[PDB]
$ cat input-v9.cif   # mmCIF, C-alpha atoms
data_data
loop_
_atom_site.label_atom_id
_atom_site.label_comp_id
_atom_site.auth_asym_id
_atom_site.auth_seq_id
_atom_site.Cartn_x
_atom_site.Cartn_y
_atom_site.Cartn_z
CA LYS A 15 140.50 22.08 60.96
CA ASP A 16 139.50 18.97 59.06
CA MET A 17 140.88 17.04 62.04
CA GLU A 18 138.66 18.66 64.68
CA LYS A 19 135.57 18.38 62.53
CA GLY A 20 136.19 14.70 61.88
CA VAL A 21 136.85 13.90 65.55
CA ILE A 22 133.66 15.66 66.59
CA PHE A 23 131.65 14.07 63.80
CA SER A 24 132.93 10.60 64.77
CA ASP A 25 131.62 11.11 68.29
CA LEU A 26 128.36 12.98 67.63
CA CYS A 27 127.18 11.22 64.50
CA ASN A 28 127.79 7.66 65.60
CA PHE A 29 125.78 5.84 68.22
CA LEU A 30 127.85 2.78 69.09
CA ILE A 31 126.25 -0.30 70.63
CA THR A 32 128.08 -3.32 71.90
CA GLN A 33 126.62 -6.30 73.72
CA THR A 34 127.87 -6.97 77.22
CA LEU A 35 127.09 -9.63 79.78
CA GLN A 36 124.79 -7.16 81.59
CA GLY A 37 123.07 -5.85 78.47
CA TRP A 38 124.59 -3.26 76.15
CA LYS A 39 127.22 -0.56 76.36
CA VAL A 40 126.38 2.50 74.26
CA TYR A 41 128.80 5.21 73.28
CA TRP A 42 127.74 8.58 71.94
CA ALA A 43 129.12 12.13 72.18
CA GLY A 44 132.06 10.64 74.09
CA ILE A 45 129.81 9.41 76.89
CA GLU A 46 129.37 5.72 77.86
CA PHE A 47 126.04 4.30 79.01
CA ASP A 48 125.48 0.80 80.38
CA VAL A 49 121.98 -0.35 79.51
CA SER A 50 120.58 -3.32 81.43
CA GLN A 51 118.71 -6.01 79.49
CA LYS A 52 116.09 -6.59 82.17
CA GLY A 53 113.06 -4.69 80.91
CA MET A 54 110.98 -5.88 77.96
CA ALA A 55 110.22 -8.82 80.28
CA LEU A 56 108.41 -6.83 82.98
CA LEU A 57 106.71 -4.41 80.57
CA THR A 58 105.45 -7.10 78.22
CA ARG A 59 104.48 -9.18 81.26
CA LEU A 60 102.19 -6.54 82.75
CA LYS A 61 100.80 -5.49 79.36
CA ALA A 70 102.99 -3.68 90.76
CA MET A 71 100.08 -1.25 90.27
CA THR A 72 102.05 1.02 87.95
CA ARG A 73 99.97 -0.66 85.23
CA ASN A 74 96.83 1.22 86.30
CA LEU A 75 98.79 4.48 86.27
CA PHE A 76 99.53 3.98 82.55
CA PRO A 77 96.46 2.35 80.93
CA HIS A 78 97.35 4.07 77.64
CA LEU A 79 100.54 1.97 77.65
CA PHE A 80 99.67 -1.34 79.32
CA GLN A 81 96.00 -1.67 78.36
CA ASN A 82 96.14 -0.42 74.77
CA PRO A 83 96.40 -2.76 71.75
CA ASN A 84 98.03 0.11 69.85
CA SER A 85 101.07 0.52 72.11
CA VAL A 86 104.48 -0.85 71.16
CA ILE A 87 107.21 -1.83 73.59
CA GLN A 88 110.70 -0.86 72.43
CA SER A 89 114.13 -1.94 73.62
CA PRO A 90 115.95 -0.16 76.47
CA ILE A 91 118.38 1.11 73.84
CA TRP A 92 115.45 2.86 72.19
CA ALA A 93 114.62 4.36 75.60
CA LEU A 94 118.14 5.77 75.98
CA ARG A 95 118.10 7.19 72.41
CA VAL A 96 114.77 8.88 73.10
CA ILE A 97 116.12 10.36 76.31
CA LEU A 98 119.22 11.76 74.57
CA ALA A 99 117.05 13.16 71.77
CA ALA A 100 114.95 14.80 74.49
CA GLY A 101 118.01 16.33 76.10
CA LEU A 102 118.98 17.77 72.75
CA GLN A 103 115.48 19.15 72.16
CA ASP A 104 115.79 20.66 75.61
CA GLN A 105 118.97 22.56 74.68
CA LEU A 106 117.32 23.54 71.38
CA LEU A 107 115.12 25.87 73.39
CA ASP A 108 117.96 28.38 73.12
CA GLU A 113 120.64 29.60 65.43
CA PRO A 114 122.58 28.01 62.53
CA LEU A 115 123.70 25.31 64.96
CA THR A 116 120.05 25.00 66.03
CA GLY A 117 119.42 23.01 62.86
CA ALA A 118 122.34 20.68 63.56
CA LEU A 119 121.04 19.90 67.05
CA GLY A 120 117.65 19.44 65.40
CA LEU A 121 118.93 16.97 62.83
CA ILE A 122 120.91 14.91 65.33
CA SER A 123 117.98 14.89 67.74
CA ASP A 124 115.70 13.71 64.92
CA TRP A 125 118.15 11.00 63.93
CA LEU A 126 118.31 9.70 67.51
CA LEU A 127 114.55 9.88 68.02
CA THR A 128 113.12 8.54 64.79
CA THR A 129 115.67 6.16 63.29
CA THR A 130 117.53 3.12 64.47
CA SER A 131 120.66 3.72 62.39
CA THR A 132 123.91 3.75 64.37
CA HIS A 133 125.43 6.21 61.95
CA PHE A 134 124.16 9.66 61.13
CA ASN A 135 124.28 10.37 57.43
CA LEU A 136 122.16 13.16 55.89
CA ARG A 137 123.28 15.74 55.55
CA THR A 138 126.97 15.07 56.35
CA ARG A 139 128.73 18.24 55.05
CA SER A 140 126.05 20.74 56.07
CA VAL A 141 126.03 19.66 59.71
CA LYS A 142 129.73 18.78 59.71
CA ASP A 143 130.88 22.32 58.95
CA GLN A 144 129.27 23.48 62.21
CA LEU A 145 130.95 20.85 64.44
CA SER A 146 133.54 21.88 67.04
CA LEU A 147 134.97 20.85 70.38
CA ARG A 148 133.31 23.86 72.03
CA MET A 149 129.95 22.75 70.66
CA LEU A 150 130.50 19.11 71.68
CA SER A 151 131.48 20.26 75.18
CA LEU A 152 128.22 22.24 75.41
CA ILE A 153 126.26 19.23 74.23
CA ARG A 154 127.93 16.94 76.79
CA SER A 155 127.44 19.30 79.73
CA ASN A 156 123.79 19.87 78.73
CA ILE A 157 123.19 16.11 78.46
CA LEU A 158 124.64 15.54 81.95
CA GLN A 159 122.45 18.36 83.24
CA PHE A 160 119.34 16.82 81.68
CA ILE A 161 120.25 13.48 83.20
CA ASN A 162 120.52 15.10 86.61
CA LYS A 163 117.14 16.73 85.95
CA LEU A 164 115.73 13.24 85.38
CA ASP A 165 117.46 12.08 88.54
CA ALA A 166 115.89 15.01 90.38
CA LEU A 167 112.43 13.57 89.72
CA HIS A 168 110.45 11.95 92.49
CA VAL A 169 108.76 8.59 92.23
CA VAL A 170 105.21 9.32 93.37
CA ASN A 171 102.26 7.01 94.12
CA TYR A 172 99.88 8.68 91.67
CA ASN A 173 100.52 10.42 88.36
CA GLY A 174 101.30 13.82 89.82
CA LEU A 175 103.04 16.68 88.06
CA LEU A 176 106.42 16.33 89.71
CA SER A 177 107.47 12.86 88.56
CA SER A 178 107.86 13.39 84.79
CA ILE A 179 109.33 15.57 82.04
CA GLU A 180 107.58 16.24 78.70
CA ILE A 181 109.23 17.61 75.57
CA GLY A 182 107.27 18.29 72.41
CA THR A 183 108.79 18.49 68.95
CA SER A 184 106.68 19.63 66.01
CA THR A 185 106.13 15.99 65.13
CA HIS A 186 106.40 14.14 68.46
CA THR A 187 105.76 14.26 72.19
CA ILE A 188 108.23 12.61 74.57
CA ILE A 189 107.27 11.78 78.13
CA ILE A 190 109.85 10.50 80.58
CA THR A 191 108.46 9.35 83.94
CA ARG A 192 110.35 8.15 87.00
CA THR A 193 108.79 5.00 88.46
CA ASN A 194 109.69 2.16 90.83
CA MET A 195 110.77 0.20 87.76
CA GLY A 196 113.03 3.01 86.53
CA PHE A 197 112.49 5.52 83.76
CA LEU A 198 109.36 4.83 81.73
CA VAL A 199 109.82 6.49 78.34
CA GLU A 200 107.08 7.16 75.78
CA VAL A 201 106.76 8.78 72.36
CA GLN A 202 103.41 9.93 70.92
CA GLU A 203 101.95 12.34 68.35
CA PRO A 216 99.53 5.20 68.55
CA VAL A 217 102.34 5.15 71.14
CA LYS A 218 105.81 3.68 71.55
CA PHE A 219 107.28 3.02 74.99
CA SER A 220 110.07 1.33 76.91
CA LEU A 221 111.87 1.31 80.25
CA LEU A 222 115.40 2.38 81.20
CA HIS A 223 116.75 1.09 84.56
CA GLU A 224 118.15 3.79 86.87
CA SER A 225 121.53 2.02 86.84
CA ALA A 226 122.15 3.49 83.37
CA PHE A 227 122.55 6.93 84.93
CA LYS A 228 124.21 5.93 88.19
CA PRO A 229 127.72 6.99 87.02
CA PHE A 230 126.48 10.56 86.41
CA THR A 231 124.87 10.98 89.85
CA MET B 10 127.91 -2.14 50.48
CA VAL B 11 128.66 0.07 53.49
CA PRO B 12 131.19 -0.60 56.29
CA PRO B 13 129.66 -3.10 58.77
CA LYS B 14 128.76 -2.00 62.34
CA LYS B 15 132.13 -3.30 63.64
CA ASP B 16 134.02 -1.16 61.09
CA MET B 17 132.26 2.09 62.04
CA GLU B 18 132.97 1.23 65.70
CA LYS B 19 136.66 0.61 64.97
CA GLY B 20 136.85 3.92 63.13
CA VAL B 21 135.30 5.87 65.97
CA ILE B 22 137.63 4.24 68.54
CA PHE B 23 140.60 4.98 66.29
CA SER B 24 139.55 8.63 66.03
CA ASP B 25 139.15 9.03 69.83
CA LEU B 26 142.42 7.35 70.73
CA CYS B 27 144.64 8.61 67.91
CA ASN B 28 143.66 12.26 67.93
CA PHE B 29 144.81 14.52 70.74
CA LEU B 30 142.53 17.47 70.07
CA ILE B 31 143.70 20.81 71.49
CA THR B 32 141.70 24.04 71.45
CA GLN B 33 142.30 27.51 72.86
CA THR B 34 139.95 28.90 75.48
CA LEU B 35 140.07 32.07 77.53
CA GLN B 36 141.33 30.05 80.50
CA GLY B 37 143.98 28.01 78.72
CA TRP B 38 143.31 24.95 76.58
CA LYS B 39 140.56 22.42 76.34
CA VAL B 40 141.87 19.01 75.31
CA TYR B 41 139.77 16.11 74.04
CA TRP B 42 141.21 12.59 73.88
CA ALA B 43 139.57 9.16 74.38
CA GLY B 44 136.20 10.91 74.63
CA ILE B 45 137.47 12.73 77.73
CA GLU B 46 137.68 16.56 78.13
CA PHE B 47 140.49 18.22 80.09
CA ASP B 48 140.72 21.94 80.88
CA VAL B 49 144.41 22.80 81.11
CA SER B 50 145.70 26.07 82.49
CA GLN B 51 148.33 27.91 80.42
CA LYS B 52 149.72 29.53 83.57
CA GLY B 53 152.58 28.56 85.89
CA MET B 54 155.49 28.71 83.43
CA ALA B 55 156.82 31.95 84.90
CA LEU B 56 157.23 30.32 88.31
CA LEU B 57 159.22 27.44 86.78
CA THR B 58 161.35 29.72 84.61
CA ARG B 59 162.22 31.87 87.62
CA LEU B 60 163.06 28.99 89.96
CA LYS B 61 165.32 27.71 87.22
CA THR B 62 167.43 30.86 87.60
CA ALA B 70 164.03 28.04 97.96
CA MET B 71 163.11 24.60 99.26
CA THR B 72 161.79 23.87 95.78
CA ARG B 73 165.00 24.74 93.93
CA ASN B 74 167.06 22.43 96.14
CA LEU B 75 164.31 19.81 96.34
CA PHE B 76 164.52 19.47 92.52
CA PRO B 77 168.11 20.42 91.59
CA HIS B 78 168.02 18.22 88.49
CA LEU B 79 165.23 20.47 87.22
CA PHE B 80 165.99 23.82 88.77
CA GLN B 81 169.78 23.76 89.17
CA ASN B 82 170.53 22.08 85.86
CA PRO B 83 171.34 24.14 82.76
CA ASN B 84 170.22 21.13 80.69
CA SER B 85 166.69 20.62 81.97
CA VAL B 86 164.00 21.86 79.59
CA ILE B 87 160.66 23.36 80.56
CA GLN B 88 157.69 22.06 78.59
CA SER B 89 154.12 23.24 78.29
CA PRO B 90 151.28 22.07 80.55
CA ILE B 91 149.85 20.29 77.49
CA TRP B 92 153.02 18.21 77.43
CA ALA B 93 152.54 17.54 81.14
CA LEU B 94 149.02 16.22 80.49
CA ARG B 95 150.24 14.08 77.61
CA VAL B 96 152.90 12.59 79.86
CA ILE B 97 150.38 11.90 82.60
CA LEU B 98 148.08 10.10 80.13
CA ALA B 99 151.07 8.18 78.67
CA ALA B 100 151.98 7.13 82.24
CA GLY B 101 148.45 5.98 82.99
CA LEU B 102 148.54 3.83 79.84
CA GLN B 103 151.90 2.30 80.85
CA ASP B 104 150.43 1.66 84.28
CA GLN B 105 147.59 -0.18 82.58
CA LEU B 106 149.74 -2.19 80.22
CA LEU B 107 151.91 -3.42 83.09
CA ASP B 108 148.83 -5.12 84.63
CA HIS B 109 148.14 -7.12 81.45
CA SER B 110 149.96 -9.71 79.39
CA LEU B 111 151.42 -9.34 75.88
CA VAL B 112 148.80 -11.79 74.58
CA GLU B 113 146.28 -8.96 74.21
CA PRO B 114 145.72 -6.51 71.32
CA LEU B 115 145.07 -4.02 74.10
CA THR B 116 148.76 -4.33 75.08
CA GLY B 117 150.12 -3.39 71.66
CA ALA B 118 147.65 -0.52 71.42
CA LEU B 119 148.31 0.82 74.93
CA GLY B 120 152.02 0.70 74.16
CA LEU B 121 151.90 2.48 70.80
CA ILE B 122 149.45 5.15 71.99
CA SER B 123 151.52 5.72 75.11
CA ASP B 124 154.73 6.07 73.04
CA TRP B 125 152.94 8.52 70.75
CA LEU B 126 151.61 10.70 73.60
CA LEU B 127 154.89 10.54 75.53
CA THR B 128 157.54 11.04 72.85
CA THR B 129 155.94 13.15 70.12
CA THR B 130 154.02 16.40 69.97
CA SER B 131 151.86 15.44 67.00
CA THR B 132 148.10 15.79 67.53
CA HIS B 133 147.22 12.90 65.23
CA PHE B 134 148.77 9.49 65.54
CA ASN B 135 149.27 7.90 62.16
CA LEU B 136 148.61 4.32 63.12
CA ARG B 137 149.28 2.23 60.00
CA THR B 138 149.52 -1.20 61.56
CA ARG B 139 146.33 -2.73 60.20
CA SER B 140 146.93 -5.43 62.83
CA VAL B 141 146.39 -3.08 65.78
CA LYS B 142 143.71 -0.85 64.21
CA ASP B 143 141.55 -3.88 63.45
CA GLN B 144 141.45 -4.73 67.15
CA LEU B 145 140.34 -1.32 68.49
CA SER B 146 136.93 -1.74 70.11
CA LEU B 147 134.46 -0.01 72.40
CA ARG B 148 135.34 -2.56 75.11
CA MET B 149 139.00 -1.59 74.84
CA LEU B 150 138.27 2.15 74.86
CA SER B 151 136.03 1.69 77.88
CA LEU B 152 138.83 -0.08 79.76
CA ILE B 153 141.23 2.70 78.79
CA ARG B 154 138.89 5.43 80.02
CA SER B 155 138.23 3.57 83.28
CA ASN B 156 141.89 3.14 83.99
CA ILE B 157 142.82 6.74 83.08
CA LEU B 158 140.19 8.04 85.53
CA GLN B 159 141.45 5.55 88.13
CA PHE B 160 145.02 6.83 87.58
CA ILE B 161 143.93 10.47 87.82
CA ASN B 162 142.30 9.59 91.12
CA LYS B 163 145.55 8.02 92.33
CA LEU B 164 147.29 11.29 91.47
CA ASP B 165 144.59 13.29 93.19
CA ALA B 166 145.05 11.31 96.43
CA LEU B 167 148.76 12.20 96.57
CA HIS B 168 149.77 14.46 99.41
CA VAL B 169 151.83 17.54 98.68
CA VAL B 170 155.54 16.86 99.28
CA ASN B 171 155.90 17.02 103.07
CA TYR B 172 158.20 16.60 106.07
CA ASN B 173 157.25 13.08 107.22
CA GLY B 174 157.17 11.45 103.80
CA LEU B 175 153.46 10.99 103.14
CA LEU B 176 153.12 9.54 99.63
CA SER B 177 153.62 12.51 97.32
CA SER B 178 154.65 11.13 93.95
CA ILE B 179 154.20 8.30 91.52
CA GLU B 180 156.97 6.92 89.33
CA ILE B 181 156.42 4.95 86.13
CA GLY B 182 159.46 3.34 84.54
CA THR B 183 159.77 2.13 80.97
CA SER B 184 162.68 0.39 79.28
CA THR B 185 163.13 3.76 77.56
CA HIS B 186 161.83 6.46 79.90
CA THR B 187 161.37 7.36 83.52
CA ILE B 188 158.27 9.42 84.36
CA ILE B 189 157.87 11.03 87.79
CA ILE B 190 154.74 12.87 88.85
CA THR B 191 154.95 14.81 92.12
CA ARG B 192 152.24 16.65 94.06
CA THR B 193 153.15 20.26 94.92
CA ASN B 194 151.24 23.32 96.17
CA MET B 195 151.12 24.38 92.52
CA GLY B 196 149.65 21.11 91.25
CA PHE B 197 151.53 18.27 89.60
CA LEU B 198 155.19 18.58 88.68
CA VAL B 199 155.80 16.17 85.84
CA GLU B 200 159.27 15.07 84.72
CA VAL B 201 160.72 12.71 82.15
CA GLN B 202 164.28 11.37 82.07
CA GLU B 203 165.98 8.79 79.88
CA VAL B 217 165.54 15.98 81.55
CA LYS B 218 162.17 17.51 80.55
CA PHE B 219 159.62 18.95 82.93
CA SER B 220 156.54 21.03 83.49
CA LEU B 221 153.65 21.74 85.87
CA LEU B 222 149.98 20.81 85.47
CA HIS B 223 147.65 22.88 87.62
CA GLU B 224 145.36 20.57 89.59
CA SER B 225 142.13 22.15 88.33
CA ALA B 226 142.51 20.03 85.20
CA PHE B 227 141.60 16.98 87.32
CA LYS B 228 138.95 18.57 89.53
CA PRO B 229 135.97 17.39 87.44
CA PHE B 230 137.11 13.74 87.87
CA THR B 231 137.34 13.75 91.67
#
$ encode --input "input-v9.cif" --output "structure tokens"
Amino acid sequence: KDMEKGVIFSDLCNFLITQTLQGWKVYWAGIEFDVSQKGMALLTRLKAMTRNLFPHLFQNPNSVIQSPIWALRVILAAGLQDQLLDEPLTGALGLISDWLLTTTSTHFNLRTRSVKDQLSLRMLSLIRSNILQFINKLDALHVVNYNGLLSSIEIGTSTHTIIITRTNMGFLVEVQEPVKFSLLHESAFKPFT
Amino acid sequence: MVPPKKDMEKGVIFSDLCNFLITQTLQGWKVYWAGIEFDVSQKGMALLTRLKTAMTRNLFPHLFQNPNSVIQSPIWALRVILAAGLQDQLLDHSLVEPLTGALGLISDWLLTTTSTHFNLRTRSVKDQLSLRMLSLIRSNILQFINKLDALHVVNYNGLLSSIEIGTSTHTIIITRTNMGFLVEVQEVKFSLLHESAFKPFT
């Protein structure tokens, strides 16, 4: 029983990052993601008419470009928030989501035992299948000339709003109530589609 | 003050590779190893136990007409298949890699014991477990499962229907049948893994 809990905790409460020749490989919840390093370049450069579509990002002194890793973390947090829309485990999902969203630590700490007692393979399996579903929901999106309703997903915590938008440059990701944003290349999700 | 990033990573990789986590479900078992989930059916043992006392009985007399063969669980079959995939991997590399020692030890553990935790106390090998290594392992296991999936069911004109992996110490044979994969180990033990376990990876 200690065994299962520890195995699950190792996978769910650590967000591993390793540098590769292409960018980074990330490992979380037993899923690998390859994150390309191309990104900050284009975004910071245009700070390609996508610019005009997002003036609040590219023409705003109070916007902050984040790394592609940040973009992935935000997306995973969003997937979790998306499962959250569905009770004692609800708080665990909440805490892990919060940790992914708002911190940059690679290891989830507080509150160790509380959350840990709820961890199981069944729960991790649900988390993984829901994450893959959310990814395919992102993949379902259409790149569209204008803003449009059909090219983005929005999830809204009590303390944050996450917008993920599919563009010609890949997945533009933004977090608001100031604004933080980044870009995740579509390649990161290619293995799951 | 707190374990460096590399030490947390090594711990996580150790936990994924050295725990074979087995849980009961309504359909059989769900196994978790190397960050990979497998749904294993508990069924099929009756068939085997009957045959052991057709074309199948004579096709595998060492299993079915041998009072000294021993039927194992499907979990054992999966363990043997994973062990075999690791041997397959380690044969493509050279001893000069930490990955070789690890693949070997993990494979021996999965293949020859039933324990669900592998007490790896060679600091040497543990200190070289990495996300790169685990990634290579996962890649190769899925590649191996795809080689198994592309086997034809044993047939009249000898279309490739099995894979054999030989160690200094064991011989592992995995054969495609109408009932899924018949797995055997000789130095005889055998079982059957229903093919649904591999369906998600096709």
$ interface_residues --input "input-v9.cif" --of "chain B" --to "chain A" --cutoff "10 Å" --atoms "all atoms listed in the file" --output "VMD selection string"
chain B and resid 14 to 15 17 to 25 27 to 34 39 to 46 132 to 133 146 to 148 151 154
$ atom_distance --input "input-v9.cif" --atom1 "atom CA of residue B:26" --atom2 "atom CA of residue B:220"
23.4 Å
$ resolve_selection --input "input-v9.cif" --expression "the PyMOL selection byres ((chain A and resi 75-83) around 12)" --output "ChimeraX atom specification"
/A:56-61,70-74,84-88,170-174,189,191,193,198-202,216-221
$ resolve_selection --input "input-v9.cif" --expression "the PyMOL selection byres ((chain A and resi 225) around 12)" --output "list in words"
residues 36, 37, 47, 48, 49, 50, 51, 52, 90, 94, 165, 195, 196, 197, 221, 222, 223, 224, 226, 227, 228, 229, 230 and 231 of chain A
$ write_last_selection --input "input-v9.cif" --atoms "C-alpha atoms" --output "short mmCIF file (atom, residue, chain, number, x, y, z; two decimals), in the coordinates of the input"
data_model
loop_
_atom_site.label_atom_id
_atom_site.label_comp_id
_atom_site.auth_asym_id
_atom_site.auth_seq_id
_atom_site.Cartn_x
_atom_site.Cartn_y
_atom_site.Cartn_z
CA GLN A 36 124.79 -7.16 81.59
CA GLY A 37 123.07 -5.85 78.47
CA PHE A 47 126.04 4.30 79.01
CA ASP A 48 125.48 0.80 80.38
CA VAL A 49 121.98 -0.35 79.51
CA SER A 50 120.58 -3.32 81.43
CA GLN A 51 118.71 -6.01 79.49
CA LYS A 52 116.09 -6.59 82.17
CA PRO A 90 115.95 -0.16 76.47
CA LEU A 94 118.14 5.77 75.98
CA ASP A 165 117.46 12.08 88.54
CA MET A 195 110.77 0.20 87.76
CA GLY A 196 113.03 3.01 86.53
CA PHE A 197 112.49 5.52 83.76
CA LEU A 221 111.87 1.31 80.25
CA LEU A 222 115.40 2.38 81.20
CA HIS A 223 116.75 1.09 84.56
CA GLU A 224 118.15 3.79 86.87
CA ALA A 226 122.15 3.49 83.37
CA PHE A 227 122.55 6.93 84.93
CA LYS A 228 124.21 5.93 88.19
CA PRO A 229 127.72 6.99 87.02
CA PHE A 230 126.48 10.56 86.41
CA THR A 231 124.87 10.98 89.85
#
$ residues_around --input "input-v9.cif" --residues "residue A:185" --least-positions-apart "3" --cutoff "10 Å" --atoms "only C-alpha atoms" --output "ChimeraX atom specification"
/A:124,182,202-203
$ atom_distance --input "input-v9.cif" --atom1 "atom CA of residue B:82" --atom2 "atom CA of residue B:129"
23.2 Å
$ atom_distance --input "input-v9.cif" --atom1 "atom CA of residue B:108" --atom2 "atom CA of residue B:131"
27.3 Å
$ residues_around --input "input-v9.cif" --residues "residue A:99" --least-positions-apart "6" --cutoff "9 Å" --atoms "only C-alpha atoms" --output "list in words"
residues 120, 122, 123, 124, 125, 126 and 127 of chain A
$ resolve_selection --input "input-v9.cif" --expression "the PyMOL selection byres ((chain B and resi 62-73) around 12)" --output "PyMOL selection string"
chain B and resi 55-61+74-83+85+170-172+191+193-195+198
$ residues_around --input "input-v9.cif" --residues "residue B:88" --least-positions-apart "3" --cutoff "9 Å" --atoms "all atoms listed in the file" --output "PDB file with C-alpha atoms, keeping the file's coordinate frame"
ATOM      1  CA  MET B  54     155.490  28.710  83.430  1.00  0.00           C
ATOM      2  CA  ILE B  91     149.850  20.290  77.490  1.00  0.00           C
ATOM      3  CA  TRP B  92     153.020  18.210  77.430  1.00  0.00           C
ATOM      4  CA  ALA B  93     152.540  17.540  81.140  1.00  0.00           C
ATOM      5  CA  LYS B 218     162.170  17.510  80.550  1.00  0.00           C
ATOM      6  CA  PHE B 219     159.620  18.950  82.930  1.00  0.00           C
ATOM      7  CA  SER B 220     156.540  21.030  83.490  1.00  0.00           C
ATOM      8  CA  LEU B 221     153.650  21.740  85.870  1.00  0.00           C
TER       9      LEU B 221
END
$ residues_near_point --input "input-v9.cif" --point "(124.8, 20.1, 60.7)" --cutoff "9 Å" --atoms "all atoms listed in the file" --output "compact mmCIF listing (two decimals) with C-alpha atoms, in the coordinates of the input"
# COMPACT_ATOMS: atom_id res chain seq x y z
CA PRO A 114 122.58 28.01 62.53
CA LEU A 115 123.70 25.31 64.96
CA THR A 116 120.05 25.00 66.03
CA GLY A 117 119.42 23.01 62.86
CA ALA A 118 122.34 20.68 63.56
CA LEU A 119 121.04 19.90 67.05
CA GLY A 120 117.65 19.44 65.40
CA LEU A 121 118.93 16.97 62.83
CA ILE A 122 120.91 14.91 65.33
CA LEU A 136 122.16 13.16 55.89
CA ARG A 137 123.28 15.74 55.55
CA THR A 138 126.97 15.07 56.35
CA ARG A 139 128.73 18.24 55.05
CA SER A 140 126.05 20.74 56.07
CA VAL A 141 126.03 19.66 59.71
CA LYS A 142 129.73 18.78 59.71
CA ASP A 143 130.88 22.32 58.95
CA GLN A 144 129.27 23.48 62.21
CA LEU A 145 130.95 20.85 64.44
$ decode --input "input-v9.cif" --residues "stretch 150-161 of chain B" --atoms "N, CA and C atoms" --output "JSON list (two decimals), in the first residue's frame"
[["chain", "number", "residue", "atom", "x", "y", "z"],
["B", 150, "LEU", "N", 15.30, 5.97, -19.39],
["B", 150, "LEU", "CA", 13.91, 5.48, -19.28],
["B", 150, "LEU", "C", 13.18, 5.69, -20.58],
["B", 151, "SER", "N", 13.44, 6.81, -21.24],
["B", 151, "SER", "CA", 12.83, 7.11, -22.52],
["B", 151, "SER", "C", 13.21, 6.06, -23.57],
["B", 152, "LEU", "N", 14.49, 5.73, -23.62],
["B", 152, "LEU", "CA", 14.96, 4.68, -24.53],
["B", 152, "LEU", "C", 14.29, 3.34, -24.22],
["B", 153, "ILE", "N", 14.15, 3.05, -22.94],
["B", 153, "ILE", "CA", 13.51, 1.79, -22.55],
["B", 153, "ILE", "C", 12.07, 1.74, -23.01],
["B", 154, "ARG", "N", 11.34, 2.83, -22.77],
["B", 154, "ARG", "CA", 9.93, 2.88, -23.16],
["B", 154, "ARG", "C", 9.77, 2.75, -24.67],
["B", 155, "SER", "N", 10.60, 3.48, -25.40],
["B", 155, "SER", "CA", 10.60, 3.42, -26.87],
["B", 155, "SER", "C", 10.79, 2.01, -27.37],
["B", 156, "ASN", "N", 11.80, 1.35, -26.83],
["B", 156, "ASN", "CA", 12.10, 0.01, -27.28],
["B", 156, "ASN", "C", 11.04, -1.04, -26.87],
["B", 157, "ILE", "N", 10.48, -0.91, -25.67],
["B", 157, "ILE", "CA", 9.38, -1.79, -25.27],
["B", 157, "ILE", "C", 8.19, -1.61, -26.21],
["B", 158, "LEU", "N", 7.82, -0.38, -26.56],
["B", 158, "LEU", "CA", 6.70, -0.22, -27.49],
["B", 158, "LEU", "C", 7.07, -0.78, -28.88],
["B", 159, "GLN", "N", 8.32, -0.57, -29.29],
["B", 159, "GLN", "CA", 8.77, -1.14, -30.57],
["B", 159, "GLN", "C", 8.66, -2.69, -30.56],
["B", 160, "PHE", "N", 9.06, -3.30, -29.45],
["B", 160, "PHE", "CA", 8.99, -4.75, -29.29],
["B", 160, "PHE", "C", 7.54, -5.25, -29.26],
["B", 161, "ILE", "N", 6.67, -4.52, -28.58],
["B", 161, "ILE", "CA", 5.26, -4.91, -28.57],
["B", 161, "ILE", "C", 4.65, -4.81, -29.96]]
